[PDB]
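Colleague: Pasting a structure here, questions to come.
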Ligand SMILES: Nc1nc2c(ncn2[C@@H]2O[C@H](COP(=O)(O)OP(=O)(O)OP(=O)(O)O)[C@@H](O)[C@H]2O)c(=O)[nH]1
Ligand SMILES: Nc1nc2c(ncn2[C@@H]2O[C@H](COP(=O)(O)OP(=O)(O)OP(=O)(O)O)[C@@H](O)[C@H]2O)c(=O)[nH]1
Ligand SMILES: Nc1nc2c(ncn2[C@@H]2O[C@H](COP(=O)(O)OP(=O)(O)O)[C@@H](O)[C@H]2O)c(=O)[nH]1
Ligand SMILES: Nc1nc2c(ncn2[C@@H]2O[C@H](COP(=O)(O)OP(=O)(O)O)[C@@H](O)[C@H]2O)c(=O)[nH]1
Ligand SMILES: [Mg+2]
Ligand SMILES: [Mg+2]
């Protein structure tokens, strides 16, 4: 009787959203048609009364090609026909269009579809939202939807899986603008944010997976695996179960600080997978390796606020405890002074699944960690510097002002980043 | 529950490592693909690591800045043994330039190499020490070797390190600049290695020609001898013996002073099957061939100096009482003389596993063998001639412009000369009588 | 959805458009009689963007052919794929402009503009959701420059929220085919800078160089020059008709490429172009594309892009490829050649990937770059304008149909002010 | 992956390259159509050093053919293995130099060389990790001697840390082909000593002597001379392409052979070389190979090494052999010829072993030696040059297009300084 609703807005969210659904359907044995050939599917799916199951998800976009691609793909018979919301005119990399010009006539239908799904559920745990942050409808609609849901539902937990721009590799030129404006919205309206920039995921594919030409198809499979590990405790019995509500109560020291970065292990191709044993003692070491961070950040430049790692497979409670004590012995990993213990550990029985046509090798153990560290202050600084250069000469500004946005909205957005950074510096200093 | 990690750097180090790993695999009975045949355990735990089901992985890492030799290993019959990501290769060779391998290129590989070393060491619980192989006359061998030792010292501390270096021969040589990079490498290793062994190439040629009756020895033949020496040295850790000797029972019995840890090697018997079975090869006579001066594996004559200490190992079916009589005979003999402040100068180890014979090799099968590692004051001559060569070269500053322009200052050569002179003075004042 | 109507004017525009409609039809598998004969279903998914459905199952392009004389439209109808055009869309007069901007914009332009604006209004009304307009014409001719820029203002006044394209062939002096080119070219740019949302400049001189140097073919003609331009036109909107990894419709291109409202003059290039005898010696991958992409001679303009600094540049890749290879290359180029790229904006290159390559090739790319070196175009033309206007030569014809010398001075000042502010950002330091 | 590109200049350079590429293709099993038809796997594992991959599974050499007159390259394009080269890489002038260093370095080189720099850049930095450049040319011809050395200068300026190698043909007066040889030879030597990392000297007189005496064939040809030169060139870089007991590349050879920065003029020789009638009367063994190697007549220069002292020597052995035998032979030679080896460089021979011999041979050796005897060539060339320059003969042709007598005086001064510095170490004692 526990349910979670997933929101996929923009092209970045939808394509990542698709990859999540081959994995969820494969775990529970649901065919693409939706008919099974006990009540563990209730977290994501819902019985129709006789036969098929429908996902508890809604796809939002304004540009039809990606949605029409789904509606004609192999999963045409899975999703409900009227929960794939498709528009006519794309936001076109403009935050003002998706928040002031387009989004005013879009949310009303969107909240109707959310309402219909929510009333069907009975034990709604929370919402999951996916959106690339450096885009028009990604941040323009995401900011509007999160604000609306904050007053419609109130205390429900909203988890955000965003994709921030890489330090030097990007596909857009105006993305430093619409990224900053989005921060002021999701800083005060999202309970949990995850750092999932693209450049770091490229490096993992090249080094660990032995892939020399990674593609967006490859990346979304990795992100889908993290989602499964995060919510594995809701639908699979285990020795130590952790609910969705048992993230904020253990990872958020203060309401302002809710930006964490994730890591996954092991990620090894089948060519050299079982050329080594993959013990439980070593997988927890690979999780803490700074190169395996899914975000382009260095944890060695700051302290650790709190750590939460989820184990799935055939691990046993003896070995995590032995491994964790080893980590505290390490000198290169240093925690903040006022937090003596900072690990929250969960253990599950269901091993990770393998998708046909994939890249990851099947293993009997895996670990996924969500770590809160002060080192994440670097990504805000580097994006802040990029915004300062362009806004110095008011480049690209006339595009935003013409779409109903005020001139001074940038100024109040810039101050929030400066306010946010000083919070991280203040927390890190020992007493 | 005892382990050891072996490091191979440079072409010569990789070549000798290939032979020694073939020898270890043959001795422990593992197929070249890593799978145990057919179907008494933990005999391989010293060198290998179980994957949990079937095959094994060696506790080694291969280093080089040029892929010509490395890619051979990934393609040969042993392509299934080594882990694919511990055979580390570069793109541009140091080209017999110490400066290139210590200041320009070597600083881009050392981080990855140390990461691999950590990934190997965190999976072991009783590491006695490190084994490092390198040829000193090459650029990357001297450069990356010195950088590796410098980083491992600070990163680990008191863990023992054993370096089986190969100094250039007195008159036989391959390169022309190799006197230069020997001095800097020696200065680097002096205060960073715990035990060093001298294995110059010219002596091994003489041993082969005289004993195995080979009139055209090749690098393949030499590597087998060094592999057998390593096997004899390390068999006491992984095989049951009557009088066991661990790795840590070398730095308590062989080096009287911290600065004096350069020592020679000798192996016996080395004999071919055509004349192996014409004598009984008793323990009484094999120990004489060990101390025979022309049988020393380094081109140094112990008759020109005193003996400091001697740690020597036996394997086969040797009996402890038989060893004592031979030691007494050697001490009675007058041609061999020890320092006065060392009344007892023998450390003897006895093991039960006979020396395994490699098929297609050169040595025959013998029930007994002895490996001798001695420390003596006679080693002072090898540095003096190399000092003279370096002085002759550096008198008018030849080949120096190939080192200055790669980051090394002019005065670096002067400091190493002072270190060598101080080292020679240290041997002289140690060897003087009271 | 998000469809666009095509309107072409003048002799040069009609020839450009006729070849363009031939290129599009082959991509969608449309026979010269308007009957679909394709093989893949993807060719029919987004056909409503360019084509209109008629009873009987045939497709008709939503193109409007406007000109002043029937001479050229006799030629376009007899050519291949000429049967597609609807006879109702042929709007034209009988007199002719005679390479006179005054005649093509004030006297004969006024009386014929009602008919052409009526048929345009009908087509824009019929479609579901309009995306914008694209226009092909020449700035040296009377009809193309005269009614061409006049129809811009009338359409913009009625559809202020839609986008507008102009594929303009500016007159180069090295190969000049009209003695009065500087006059009607200067007056057109003045009106074009105020209304057109995107302007793309083409040279006949540059296209001649490409044929002689890259393709290395013996006897090129206007049939081949039109082909190079037509390939670029279809590559810009390819992601609007086909699925892709990073689809980026035209509105997204305008936002990324235009820093300031008055700087919207781009230069186009296409790749890969190879000679027939040397097409089996090269390797076709992502790297070899971006080398030809950024080369100076591959551009379709006489202006040297290395004499100035790129403000922003864009690329559109067609085919199956890896995004990591594309993204690293754009960063990699921008780091080795940091001198040619303006400093006060970081990562000034945008990239897109479309999954359907052009027919006959496995990979292709279209490069659109807004460079500060385009100032050489206006400077050199303005020198010719001030030379002839000082002596009042050829001016009695223009003053004969209502214009006065005050307008000529106003136009020259606006262009001279355009270059001043366009070069101003070249030397700007961060 | 540590590959080396090829640039050939002048008629002599083109003739050298047209045979070198044939030799390399024969060695690596590449058909004249560019399709691999080899016999083992070792022939393809390091093929990337000299070749590039194109679509269709064919290989193309990474060579750049530059010259001033199209006759030579038209001749070499129609010959066997002439279809391998990419037709783009052909760059040619229209007028030629006419055996004039001034024309080849100032008046046509400046105009043409931009394109060849563009193609050299493209080929060089399209590689994974460049190893260096190698150039073939002659110092007796105007266009080669001038444009090639200007190319050397610009390439060295753009790539300061790469390896530069040149196979130079020095004109001899005994068999003279041009009356203006001393001028351009002196100028080329002056411009080359400052830039080139490695230089080797080849003499047609010595080639004729070898062909007449050792091979004992009645009528040698430029084909035969180019064949010997090609074998010598392949011998140096075989070790970079094939595995061996002791691997050693160009940088290692340069470091071990160059004592002082300005002493980089070597002489080479090859062994074994036996006539057809006496080919099997000999026995391929290391002592015979090394004695024929160190034979003074076998060297490819008229400079007799017995008139001076070897600073260093290098020997690259190809085949399977015993390193103990190789070292023993080297030591024996160095002890038996103590007079000809300068004493303050003990053990002054470098040795190498490569397991893959040349096709058709079981054992072969490439020798590179730096001996103090080459100063005789410099002295004789300087004497002829100063004899001609005393009376200002042929001076107006060189001075008519930019140069003055001051540069000739500077060239004489630098040439004499090189001679004095290089003979200084001949009599030096320890
Ligand atoms: N991880 C991942 N990121 C993607 C993918 N596709 C696009 N992105 C990111 O999305 C960013 C730009 O947004 P778009 O994907 O173009 O679409 P959008 O965010 O919905 O904004 P619009 O273009 O207005 O629709 C890029 O910088 C990419 O980093 C994807 O398939 N996987
Ligand atoms: N024992 C033994 N020594 C070797 C062998 N090969 C090379 N050496 C020694 O190595 C020295 C030169 O170094 P190399 O082995 O050629 O290569 P390196 O040490 O990696 O140095 P670089 O050539 O710069 O890469 C020589 O003086 C030899 O004494 C071998 O096969 N066996
Ligand atoms: N690309 C291309 N350009 C053309 C063609 N025909 C003419 N032109 C160019 O158009 C210019 C003259 O335009 P013009 O015919 O006067 O335009 P109009 O007065 O509106 O008909 C000349 O400079 C030509 O270079 C063609 O078929 N293709
Ligand atoms: N070894 C060799 N030398 C050649 C060949 N052809 C010409 N030469 C030499 O090159 C010199 C003339 O060079 P030249 O043709 O003027 O060179 P260019 O001016 O660069 O074209 C003569 O002295 C010849 O000895 C050849 O095929 N092989
Ligand atoms: Mg989009
Ligand atoms: Mg080496």
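Chains as they are written, first to last, in PDB author numbering: chain GE, 1 to 37, 46 to 439; chain FE, 1 to 39, 45 to 439; chain GF, 1 to 430; chain FF, 1 to 430. All C-beta atoms, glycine included, are put in the ideal place defined by N, C-alpha and C.
Where do the ends of the beta strand (DSSP E) carrying residue 8 of chain FE lie?
Modeller: Element bounds for residue 8 of chain FE: 3-9.
Colleague: Assuming residue 115 of chain GE and residue 152 of chain GE are in contact, meaning their beta carbons sit under 8 Å apart, how far apart are those beta carbons, in whole angstroms?
Modeller: Rounded, the Cβ-Cβ distance is 6 Å, consistent with contact.
Colleague: Would you say residue 280 of chain GF lies against chain FF (beta-carbon separation less than 8 Å)?
Modeller: True, the Cβ-Cβ gap to chain FF drops below 8 Å.
Colleague: On a Cα-Cα basis, can you pick out the residue from GF:430, GF:144, GF:240, GF:333 that is closest to residue 96 of chain GE?
Modeller: The shortest Cα separation from residue 96 of chain GE among GF:430, GF:144, GF:240, GF:333 belongs to GF:240.
Colleague: If distances are taken between C-alpha atoms only, which option among GF:178, GF:197, GF:386 comes closest to residue 101 of chain GF?
Modeller: The shortest Cα separation from residue 101 of chain GF among GF:178, GF:197, GF:386 belongs to GF:178.
Colleague: Is there contact between the stretch 346-362 of chain GF and the stretch 254-271 of chain GE, where contact requires at least three CB pairs shorter than 8 Å?
Modeller: Touching, no, given that fewer than three Cβ pairs across the two stretches are closer than 8 Å.
Colleague: Considering only C-alpha positions, which residue in the set GE:439, GE:186, GE:347 is nearest to residue 103 of chain GE?
Modeller: Closest by alpha carbon: GE:186.
Colleague: In three-state DSSP terms, what is residue 282 of chain GF?
Modeller: The answer is coil: DSSP assigns residue 282 of chain GF none of H, G, I, E or B.
Colleague: Tell me the rounded alpha-carbon separation between residue 336 of chain FE and residue 342 of chain FE.
Modeller: Computed Cα separation, rounded: 8 Å.
Colleague: Residue 287 of chain FE lies in the alpha helix (DSSP H); which residues open and close that run?
Modeller: Here residue 287 of chain FE belongs to no alpha helix (DSSP H), and DSSP marks it neither H nor E.
Colleague: Quick check on DSSP: helix, strand or coil for residue 209 of chain FF?
Modeller: Helix.
Colleague: Looking at the secondary structure, which residues open and close the alpha helix (DSSP H) in which residue 270 of chain FE lies?
Modeller: Not the alpha helix (DSSP H): residue 270 of chain FE falls in the beta strand (DSSP E), residues 267-273.
Colleague: In chain FE, what lies closer than 8 Å to residue 350 of chain FF by C-beta?
Modeller: Within chain FE, the residues near residue 350 of chain FF are 179, 180, 181.
Colleague: Among FF:349, FF:161, FF:234, which residue has its Cα nearest to the Cα of residue 16 of chain FF?
Modeller: Nearest C-alpha to residue 16 of chain FF: FF:234.
Colleague: So, using beta-carbon positions, are residue 125 of chain GF and residue 62 of chain GF closer together than 8 Å?
Modeller: Going by C-beta atoms, residue 125 of chain GF is not nearer than 8 Å to residue 62 of chain GF.
Colleague: I want to verify the contact list: residues of chain FF whose CB lies under 8 Å from the CB of residue 364 of chain GF, in sequence order.
Modeller: Within 8 Å Cβ-Cβ: nothing; residue 364 of chain GF doesn't reach chain FF, min ~15 Å.
Colleague: Determine the closest residue to residue 275 of chain GE out of GE:176, GE:286, GE:316, GE:255, with distance taken between C-alpha atoms.
Modeller: It is GE:286.
Colleague: For residue 55 of chain FF, which residues in chain GF fall below 8 Å Cβ to Cβ?
Modeller: Under the 8 Å cutoff, chain GF gives 280, 282, 283, 284.
Colleague: Please identify the residue among FF:365, FF:310, FF:315 whose C-alpha is closest to the C-alpha of residue 338 of chain FF.
Modeller: The candidate whose alpha carbon is nearest that of residue 338 of chain FF is FF:310.
Colleague: Please report the straight-line C-alpha distance between residue 317 of chain FE and residue 323 of chain GE, rounded to a whole angstrom.
Modeller: About 48 Å.
Colleague: Mind pulling the alpha helix (DSSP H) runs of 4 or more residues that sit fully within the stretch 126-165 of chain GE?
Modeller: With a minimum length of 4 residues, the continuous alpha helix (DSSP H) runs that stay inside the stretch 126-165 of chain GE are 144-160.
Colleague: Does residue 275 of chain FF pass the burial test, meaning 16 or more other C-beta atoms within 10 Å, or should it be called exposed?
Modeller: That one is exposed.
Colleague: Would you mind sorting residue 414 of chain FE into buried or exposed? The rule is 16 or more other CB atoms within 10 Å of its CB.
Modeller: Answer is exposed; the Cβ neighbour count stays below 16.
Colleague: Quick one: grab the DSSP three-state call for residue 12 of chain GF.
Modeller: Residue state, collapsed to three classes: helix.
Colleague: Would you say the beta carbon of residue 275 of chain GF is closer than 7 Å to some non-hydrogen atom of ligand 4?
Modeller: No, ligand 4 has no heavy atom inside 7 Å of this Cβ.
Colleague: Give a yes or no on whether the minimum CB-CB distance between residue 277 of chain GF and chain FF is below 8 Å.
Modeller: Yes, because at least one Cβ of chain FF sits closer than 8 Å to the Cβ of residue 277 of chain GF.
Colleague: State the DSSP-derived secondary structure class of residue 229 of chain GE, mapped to helix, strand or coil.
Modeller: Looking at residue 229 of chain GE - three-state DSSP - the assignment turns out to be helix.
Colleague: Tell me which residues of the stretch 315-328 of chain FF have at least one Cβ-Cβ distance to chain GF shorter than 7 Å, keeping chain order.
Modeller: Going along the stretch 315-328 of chain FF in chain order, one finds no residue with a Cβ nearer than 7 Å to chain GF.
Colleague: Using DSSP bridges, identify the partner residues of residue 376 of chain FE.
Modeller: Residue 376 of chain FE pairs with FE:272, FE:318.
Colleague: Is the beta carbon of residue 195 of chain GF closer than 8 Å to that of residue 140 of chain GF?
Modeller: The answer is no: Cβ separation not under 8 Å.
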